[PDB]
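# A closer look at the structure
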Amino acid sequence: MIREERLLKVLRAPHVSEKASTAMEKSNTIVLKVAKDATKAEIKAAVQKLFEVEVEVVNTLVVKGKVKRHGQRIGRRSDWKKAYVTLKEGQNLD
Amino acid sequence: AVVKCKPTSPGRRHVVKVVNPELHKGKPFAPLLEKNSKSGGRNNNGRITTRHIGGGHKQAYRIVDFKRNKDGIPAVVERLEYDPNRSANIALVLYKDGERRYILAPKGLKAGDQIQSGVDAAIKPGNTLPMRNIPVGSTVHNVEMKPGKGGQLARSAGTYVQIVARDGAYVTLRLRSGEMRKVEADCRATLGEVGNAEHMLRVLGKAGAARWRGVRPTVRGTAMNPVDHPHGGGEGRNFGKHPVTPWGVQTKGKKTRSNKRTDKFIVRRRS
Amino acid sequence: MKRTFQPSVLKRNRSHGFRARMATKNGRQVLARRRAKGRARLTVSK
RNA sequence: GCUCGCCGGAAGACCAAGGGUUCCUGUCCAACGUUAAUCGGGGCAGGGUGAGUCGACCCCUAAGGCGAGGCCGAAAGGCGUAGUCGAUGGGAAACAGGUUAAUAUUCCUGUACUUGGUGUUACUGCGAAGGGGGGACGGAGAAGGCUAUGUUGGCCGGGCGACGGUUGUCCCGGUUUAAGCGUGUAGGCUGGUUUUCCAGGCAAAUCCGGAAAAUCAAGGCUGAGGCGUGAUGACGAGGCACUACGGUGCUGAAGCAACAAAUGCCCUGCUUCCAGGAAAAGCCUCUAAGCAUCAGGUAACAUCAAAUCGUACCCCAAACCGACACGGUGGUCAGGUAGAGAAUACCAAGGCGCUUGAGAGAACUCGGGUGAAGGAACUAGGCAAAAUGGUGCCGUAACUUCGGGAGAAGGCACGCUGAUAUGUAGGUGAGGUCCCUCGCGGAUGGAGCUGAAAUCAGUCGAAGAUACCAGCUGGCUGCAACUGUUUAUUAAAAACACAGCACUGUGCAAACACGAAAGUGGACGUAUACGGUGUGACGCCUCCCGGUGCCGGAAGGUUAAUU
RNA sequence: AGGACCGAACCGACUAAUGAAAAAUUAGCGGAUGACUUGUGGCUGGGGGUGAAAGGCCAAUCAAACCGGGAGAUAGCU
């Protein structure tokens, strides 16, 4: 049982990319940016409540931040957690 | 028996094996085993405290019974076994009550021999009893110095002690060194000589053998530089000084016993 | 030719890392000194 | 794109460590790239790392670390008990195919497995900080059984030749398929089952150990591979539709047999040797306190569960350690022909041509090739080169510690073809036939397959161990017995070490060593042991105690604090 | 059987000629079942360690490491 408030905080964004699109189309799997602390179960819960859609399974991974250079000064982008969430057969997501 | 090995290589030429067939060809009694890791002759500070120790073969520790307290229960000798931890051979015995122990194998002992500890026990080889009960003139081994402690004198492959006298609460032992020593007469002792008496006839025959026995090589003080040893330095081979340890103390002759607490027990020093 | 530095992360950490430094008085002192100086990377710790 | 060349026990493929975006795409060429650069491991932007079963975490411990109390220490702190950490070791579980520009045992497809809860009905002794078993272990050697893998034939598809021949004993390609489940084999280990008692296993034990007694000779454990299923599937040479020339979608034959065969597996086995070969948990089992008709245990079945972190890419290197796009770096994989071979040569798969080129064809330098006659005359010195170089057989001195010396020396044979023998000796081994406690069984049987070595006869060349590969040999002699070790980076030796020898200390709270100490090593050793010193295999051997040391003595002389 | 023999890997470094290289190269060379070699982790600390002993090695540094401090040591010398 995850708290409503917690759930709302979990899910950061949808991730747009070719791969993501492919996943959506073929495998019925949505690619989300989620909180770095968000566990799989929590993510699933969030998905179910907040998008109103049955979840088969969630795979997560941590994306490491790229090191960049703004002019002369070096600086690193933040790490962030990506989640492939596979929706059950016949579940169409808006 | 001793066996001079045929010189099919140098390093085998001068080898003499001591091959006893009556030893157990097999894995030892595992309950009585325990771990025994190597020091490298280095103490808790991590410094080398005794030179020339290092390496050699992994060895288990056989838990030998030197206290020898199963009084009245007769044991029977199951087998003789190789112990890597000592010059003697050990013997796995089986008490009538079902317990097993390792003991130092004495001279005549073999599989099937019955042995017994206690005041009542028969004065025969391998039997153990207080030195007030043991007849004067007898050869004993595995001799306790303090009653109840466990055998400390005469444990090595072909050693034994003579009980020369029993004067009241003490008995006088003629130790293998030649030292005559008073010992409390209630101290325990095992009848006969300890076993593996042709141990001294073995000759390693190569450098490697020594190494296998965990003995690193020994450099001569005279081969060193003066900063290292008192004997060091000299152009060519010089040695114009009285022999001494690496720490400057005389080596040829200078006595080093300082124990004034046990001077009373020493009847006569060895010669 | 086998050069002197042959990196190993665990070894580095155990040797020089924060916790090791903390463990002893001299280590602590070193840390303090570093802090005083204004070091950004107080220890080897990543 | 087509040729050419190089690596191929790597200059290929996959990891660890280390790095940390170098990966992929688009885009830009100032700088960086030893030249140019449209290219890049460079700049900028975007994308990319998907796990119950791989690894970490986790449970367990080794060396070792920390260490409540504690012992010790001016202080700081040292050592260490209980404990708790610490892998490089022990501990549950996944395979095949398909897919991305870039991930995959992680996605998808198929087919699996594991150990937890929870609930069940069925049963009914459960229970640990304890007991026992197990885990649990060395070197070498030898086979035998296997597979990986390869070769040939069969089969299936395609081919009929840019130049003489090529419808055949011809040419090219393919002929692949897992874990799991079932079977429990080659083979290895052990005698089982029941009963009774017992000073043992810190207490108890129905467990282990020990005693008896009965009765049956098969009982159990282990075990590669094969076979079956998994699989009416998947993959499949290449054909056929579309084409953003990147590829996408459909389709799909055969898919067998024999022989050879590992250093891999059975094997943590067996045999043997002495130098005598981790630990703890998981796992099995036994009970105690306990609880007692409850919990807990095992039984299947249902359901839920398996979080977290790593996953790109380089990894003998242009990405790690070397200031550089410059030598070092642990593991795994190991095709063909020749060969003893992981050597060597040429190749496969795959990967590269080393980020300045173009000419010229002087001296001189580097790295190679050949050289008349002579053959060490060179030189400090045959330094360097040259030479020797294989298998089999014959043959082989002094001296010797009887092992050696010895590959001593020195010689002969060596290709190809045919025959012996349309392929032998051997190896393997199908049908058939017989037996049978019935199976992965035993006999007999020899088809097919594979296959040296030799002899005889012929034959070609200047030359047959034809290339690469691959000892120079002998004689006298110093030193050190020997194998070893050493001045990282001018010294590898006659130096150090060595087995052996001798002296000497040391009686165990050992001498000695590290420690203001506690303590630790010596050693869980005990004089056939340990320390120190010298000598240095083996053989034959090996006067002086005045000096300086050490040992013993203590009559006298001298002699501190103290008084 | 073997600190046995010939010989790749692997470990080394006797001879030779020659910055890519602050010790390498190519050609030969020694050991190659052991007193072998190697990965990972651990321990020993500066008059201290370790040393089959060369004053060797202890982070390209060694007859006393490096870093900071006493410290502007002292310098009848340049």
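Residues numbered from 1 in each chain as written, not as in the entry; some residues may be left out. Chains lettered and ligands numbered in written order. Part of a larger assembly, values for the part shown. Heavy atoms only, no water.

Looking at the method and resolution fields of the entry, one finds cryo-EM and 9.9 Å.

Around RNA strand D lies a shell of 132 residues, among which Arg13(B), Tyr82(B), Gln152(B), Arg155(B) and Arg220(B) are the nearest. Considering the 4 Å shell around the protein, atoms of RNA strand D inside it are sugar or phosphate in 70% of instances. Here a sugar or linking oxygen of RNA strand D sits 2.6 Å away from a polar atom, N or O, in the main chain of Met1(C). The set of elements that each furnish at least two residues to the surface near RNA strand D consists of α2 (18-27), β3 (55-63), β4 (67-70) and β6 (80-87) of chain A, β4 (61-62) and α1 (207-212) of chain B together with α1 (9-16) of chain C. The biggest single contributor to the surface near RNA strand D is β3(A), with four residues. (Near = heavy atom within 4 Å. Polar contact = N/O pair within 3.5 Å; in protein donor to acceptor, adjacent residues only side chain to side chain. Helix = DSSP H or I, 4+ residues; strand = E, 2+ residues; numbered from the N terminus.)

All names here are of chain B. On the surface, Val-2, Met-200 and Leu-201 cluster together into a nonpolar patch covering about 310 Å² of accessible area. Topologically, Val-2 is positioned in strand β1 (residues 2-4). A relative accessible area of 40% places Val-2 in the partly exposed class. (Patch = residues over 30% accessible without salt bridge, like charges linked within 9 Å, V, L, I, M, F, W, Y side chains within 5 Å. Areas by Shrake-Rupley, 256 points an atom, 1.4 Å probe, with all protein chains shown as cover. Salt bridge = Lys/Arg side-chain N within 4 Å of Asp/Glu carboxyl O. Buried < 20%, exposed > 50% of the residue type's maximum accessible area, 1.4 Å probe, protein only.)

Here we take up the pattern of salt bridges. All names here are of chain B. All told, the structure shown has 18 salt bridges over all chains when counted by the stated rule. A salt bridge links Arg-101 to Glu-99; the shortest N-O distance between them is 2.6 Å. Here the residues in one salt-bridge network are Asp-65, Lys-70, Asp-97, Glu-99 and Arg-101, joined through shared partners.

A separate point is a positive patch on the surface. All names here are of chain B. Taken together, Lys-146, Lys-149, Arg-261 and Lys-264 make up a surface patch of like positive charges. Structurally, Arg-261 is set in the loop between α1 and β15 (266-268). Judged by relative accessible area, which is 60%, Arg-261 ranks as exposed. (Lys, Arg positive; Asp, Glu negative; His and termini not counted. Charge placed at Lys NZ, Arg CZ, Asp CG, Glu CD.)

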